Amino acid sequence: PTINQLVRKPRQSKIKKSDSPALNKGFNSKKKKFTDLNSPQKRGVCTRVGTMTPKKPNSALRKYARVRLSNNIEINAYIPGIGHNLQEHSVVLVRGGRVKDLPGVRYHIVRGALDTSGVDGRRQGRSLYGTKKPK
Amino acid sequence: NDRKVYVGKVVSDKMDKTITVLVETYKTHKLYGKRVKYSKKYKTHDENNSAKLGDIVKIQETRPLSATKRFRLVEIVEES
Amino acid sequence: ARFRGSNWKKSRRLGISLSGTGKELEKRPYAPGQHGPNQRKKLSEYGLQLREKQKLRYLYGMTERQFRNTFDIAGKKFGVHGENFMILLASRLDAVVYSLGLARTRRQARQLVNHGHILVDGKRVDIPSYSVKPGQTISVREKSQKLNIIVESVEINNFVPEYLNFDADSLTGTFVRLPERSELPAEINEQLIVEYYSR
Amino acid sequence: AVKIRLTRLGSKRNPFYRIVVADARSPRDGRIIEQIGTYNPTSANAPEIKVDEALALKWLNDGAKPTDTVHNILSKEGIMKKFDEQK
Amino acid sequence: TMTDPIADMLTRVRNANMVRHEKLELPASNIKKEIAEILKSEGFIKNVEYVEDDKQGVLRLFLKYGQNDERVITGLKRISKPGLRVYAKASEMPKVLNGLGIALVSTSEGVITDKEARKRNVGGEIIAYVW
Amino acid sequence: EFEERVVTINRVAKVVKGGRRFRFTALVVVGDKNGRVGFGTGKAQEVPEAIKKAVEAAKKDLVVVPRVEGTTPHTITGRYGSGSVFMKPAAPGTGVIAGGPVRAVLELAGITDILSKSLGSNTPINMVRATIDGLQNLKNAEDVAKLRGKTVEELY
RNA sequence: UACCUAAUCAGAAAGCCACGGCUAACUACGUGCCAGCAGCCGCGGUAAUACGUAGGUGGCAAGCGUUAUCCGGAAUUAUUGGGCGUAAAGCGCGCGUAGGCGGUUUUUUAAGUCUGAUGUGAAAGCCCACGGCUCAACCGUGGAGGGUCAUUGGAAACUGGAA
RNA sequence: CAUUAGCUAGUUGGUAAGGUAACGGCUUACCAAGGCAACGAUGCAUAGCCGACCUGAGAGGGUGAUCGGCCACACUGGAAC
């Protein structure tokens, strides 16, 4: 635009909508209010453990878990790895990162953490997927 | 020392011993650099209210008079 | 010593001889590993920039974030960024000791500086990364002046670069001059590491 | 009241001090009025001290009161002597 | 309506130079007169002719081209525009094409070039870029 | 001797009654690292022959690039279609700060120190055309002084 | 307690991630659109350098990766530095108010503009130099820099005011 | 933030009196109808501010841990000695 049009109407940049919104909100049990926190991870309770069919191009039974976080927020989280020991009423640690196939899963359950075991036979890539150094 | 002086235009003389002086100045835009005209209204004291709406007058600051006035009328130069 | 590894496999993956002056790239001048003997593919721009950086880094035994930190100091100085970078590497105490001729290689000279056998300006300097300035004195510790390893290499060193005055008697050095690009290793393209860090 | 005192400017076990004219109520490393000089007690042998003369005698005439060791520092430059001469 | 007579002058030169016209005429002005004589002394145009008519006399400009019809003037750019004016200090005077081109600066010492303006250590309005 | 660099190799297709007659096109820039650079393209039925046609195409048209100590005489922005390449001369030790196809063009010429940015389309062919366009609009002090009837010192 | 001096031992002191392209690093085996991987392009359907493992390789290293958030790359709010025929974008068209901009010359003024001088923009910070810790981090000194700043001279082409 | 447009009535000015370290609607009486607002009054939401820090070639963008300057607060809310 012209300089005068810019002076009257300064340029407005676009706002950035962030992924993993449920990690950006805290809770205050005393005031019954939601806060803004920007947490790396959040801890929740598994209210449902099951398996989800993936998007159309792919075909594989993917394990997931419905997790109610520390907030009053109920999200769906992926379970990386082969074997998992999670049933209902399991405390998990949930990080960011979505699954492309699974529609409605925007988070990942951290393996090898509070009440979540690692992958039994993992030998290369043990930082991810939990599990300690064999021998 | 020295108290600041402004020159403006009388835009209100509906109150006794008080006039409103419009001191228009210039402020450049920080980003685009264009100078934009902006105006500021000053409420000034004049015991003998000889200023009439439309006069360019001389204004000098002083101690607080009333809730808003901080200026006195120094010189009237226009007639309108 | 940080690397503490195979100095042949590195010089085989890289294109230069690092330490040894040829003894490493004689029978197998190709890359190490299972796919080493077979033919080599072409290298992209990034592969060539990274290769040359690894050439100079493994030559001096420094690690990253210290190679990078030294590179950052070089840009501050006047002149060509690449030249002052290699000048600063040649001014390291562990490198000056080897180039003086006190040791027979780079790693051993580091252990001579590290274990405190040097006594720069008559004072114990056991930091391999000490930056030697022109007009100093790189001596040898009195109790270490009867070291067989030191005297085994003091005579076979022969050539000493012009920016280093070496005394065979009293086991002392001088660092008379700032090294020029000529005296520096000629197998390293300085302009290719400058471009790597600008990526 | 107004005090001529030392402000710590050193790291762990390596203290450096500035000779500063400051109010007594102000924090040690906080608000000040004027910097007068420096005091390094950990230098080679003798503690190297640097003091200005015009401002130091200006504040002393204005009623600033040196602390116990600023008195020593002002004495090693004869500042307290010349302050005494002008009775 | 006409708002920038100077920008019209530079565009007249730009348009005539593009089609390699040997000469052009434009209504004259004191500041437009000086810009023409700055370009003459800097070797961008051949000659400046000012003809006295009754009203706003005529400025005739004879453009210069080189051996292989090489347009001596490569481009013209109005810098200070009525919608946004540009003023520069002597310390931040711009160097058009690393000195291979002149910037017309109107200072208190008259309409001059950017090279010797730094010599007088004065600033003014950056009129146009000529390279 | 003219060093050659293959910029890009692209598999193109023409749909026929049978379907998808595949060809290969090659973009190659040639230069001498002394101030003569050129580009060309060629399409063959196989990759190794598309390069040779491109190399021959490039060697025909060479652009003389003026340069002062491995840097351009001044600042210029080359344009061709949607491609635009800004080119700033730099200090002796700077290096070639350039992107993709722009990097090959300047390296194959006698340019060793430049600051550049691709302010347009990233399509390789128009990037090269834009890069070449700036290099021919470049002017050295000698020519400019000659054109204006002045000495080089009179310019400065 | 730093620190120094004697003996003694290579002994007590490396792991993490990657290797399809972006992007440095490839083979074999197991499975067989399953198990699983994935930032995107996407891989996996009995001969996967893309999944798991084994060798090798490469990148770093007392750290290595993942997640969370900001700037960059993004010229993707374009003042520097974008556009509106067909990709998003010219209001259906007038009359018009504030505002923005405004033909040539002369005289004057000096608000902008330019050029000085003072006062201040604390200290600590950034950059440069120098010195001290065995080097470095760090520390200390000296400059520099930082304002739509205030007061006060000077210039008068341009913009502004007056005739 | 305009999908917040009209806000105030000690409000705004004056005249007296009081009291305040001090000017002043600071307060009280009596006069007049005034005062602010698309140059964003008001309202809503959010927030301690700055030197400074991160990022960027720069222009800019984000941030306000530790250190220093200022402000405000001391279980919540009033008051004075």
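The figures here come from the full heavy-atom set of this structure, side chains too, leaving out hydrogens, waters and symmetry mates. A note on names: the letters A, B, ... follow the listed sequences, proteins ahead of strands, and every chain is numbered from 1.
Taken together, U118(G) and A150(G) meet the test for a Watson-Crick or G-U wobble pair: both N-N or N-O distances fall under 3.5 Å. Remark: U104(G) does not pair with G15(G), failing the Watson-Crick or G-U wobble criterion at under 3.5 Å for both atom pairs. Nucleotides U79(G) and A137(G) are not base-paired: the Watson-Crick or wobble atom pairs do not both lie closer than 3.5 Å. Here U151(G) is matched with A117(G) as a Watson-Crick or G-U wobble partner, both contacts being under 3.5 Å. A87(G) and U106(G) make neither a Watson-Crick nor a G-U wobble pair with both donor-acceptor distances under 3.5 Å. Residues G42(G) and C37(G) show canonical Watson-Crick or G-U wobble pairing, with both defining distances under 3.5 Å. Entry note: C43(G) and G36(G) meet the pairing test, Watson-Crick or G-U wobble at under 3.5 angstrom for both distances. Nucleotides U12(H) and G68(H) fail the base-pair criterion, which asks for a Watson-Crick or G-U wobble arrangement whose two donor-acceptor distances both fall under 3.5 Å.
Dashed line: the shortest gap from a side-chain N or O of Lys9(A) to OP1 or OP2 of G100(G) is not under 4.0 Å. Taking only side-chain nitrogens and oxygens, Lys17(B) never comes nearer than 4.0 Å to OP1 or OP2 of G14(H). At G58(G), one or more side-chain N or O atoms of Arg13(C) fall inside 4.0 Å of OP1 or OP2 (strictly under the cut-off). Contact annotation: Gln54(C) side-chain N/O to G59(G) OP1/OP2 distance is under 4.0 Å.
Base stacking is present between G116(G) and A117(G); both the centre distance of their six-membered rings (under 5.5 Å) and the plane angle (under 30°) fall inside the limits.
Rounded to a whole angstrom, the distance from the P atom of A24(G) to that of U53(G) is 24 Å. Comparing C17(G) with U66(G), their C1' atoms are spaced 11 Å from each other, to the whole Å. Spacing of P atoms, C70(H) relative to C60(G), comes out at 49 Å, to the nearest Å.
Taking the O4'-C1'-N9-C4 or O4'-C1'-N1-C2 dihedral as appropriate, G25(H) has a value within 90° of 0 and is therefore syn. A syn orientation is assigned to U66(H), its glycosidic angle lying within 90° of 0. With its glycosidic angle within 90° of 0, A25(G) is assigned syn. Its glycosidic angle being within 90° of 0, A38(H) falls on the syn side.
Counting atom types as modelled, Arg11(A) pairs a side-chain N or O with a base atom of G82(G) as donor and acceptor under 3.5 Å. For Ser108(E) and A155(G), a side-chain-to-base donor-acceptor distance below 3.5 Å is present, hydrogens and geometry of angles not being considered. For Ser129(C) and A136(G), a side-chain-to-base donor-acceptor distance below 3.5 Å is absent, hydrogens and geometry of angles not being considered. In this model, no side-chain donor or acceptor of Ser11(D) finds a partner on the base of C138(G) within 3.5 Å. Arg62(A) contributes a side-chain N or O that forms a donor-acceptor pair with the base of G36(G) under 3.5 Å. Side-chain atoms of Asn58(A) come within donor-acceptor range of the base of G42(G), with a qualifying N/O pair under 3.5 Å. No hydrogens or angles were tested; on distance alone, a donor-acceptor pair under 3.5 Å links the side chain of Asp101(A) to the base of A38(G). Applying the 3.5 Å distance criterion, the base of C114(G) shares no donor-acceptor pair with the side chain of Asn121(E). A donor N or O paired with an acceptor N or O is found under 3.5 Å between the base of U148(G) and the side-chain atoms of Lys27(B). Side-chain atoms of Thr28(B) and base atoms of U148(G) include a donor and an acceptor less than 3.5 Å apart.
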Can you check nucleotides 128-130 of chain G for protein contacts, nitrogen or oxygen pairs under 3.5 Å, and list what you find?
| from | atom 1 | to | atom 2 | distance (Å) |
| --- | --- | --- | --- | --- |
| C128(G) | OP1 | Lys76(C) | NZ | 3.2 |

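In the set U141(G), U69(G), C101(G), the nucleotide with an atom closest to the side chain of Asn38(A) is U69(G).
Between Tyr6(B) and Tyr42(B), the ring-plane angle classifies as tilted under the 30° and 60° cut-offs.
A donor-acceptor distance shorter than 3.5 angstrom exists from the side chain of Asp46(B) to the backbone of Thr18(B), with no hydrogens or angles considered.
Summarising the base pairing, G160(G) is matched to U109(G) through a Watson-Crick or G-U wobble pair whose two defining distances lie under 3.5 Å.
Judged by distance alone, the side chains of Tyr38(B) and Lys27(B) never bring a donor and an acceptor atom under 3.5 Å apart.
Contacts from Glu125(E) map to the minor groove: a side-chain heavy atom sits under 5.0 Å from a minor-groove N or O of a paired base.
Computed from coordinates, the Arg124(C) CZ to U134(G) P distance equals 12 Å when rounded to whole Å.
When the pucker is read from the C1'-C2'-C3'-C4' torsion, the sugar belonging to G140(G) turns out north, on the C3'-endo side.
Counting only residues at least two apart or in different chains, salt bridge (charged side-chain N to carboxylate O under 4.0 Å, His left out) contacts with residues 29-45 of chain D comprise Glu34(D)-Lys58(D).
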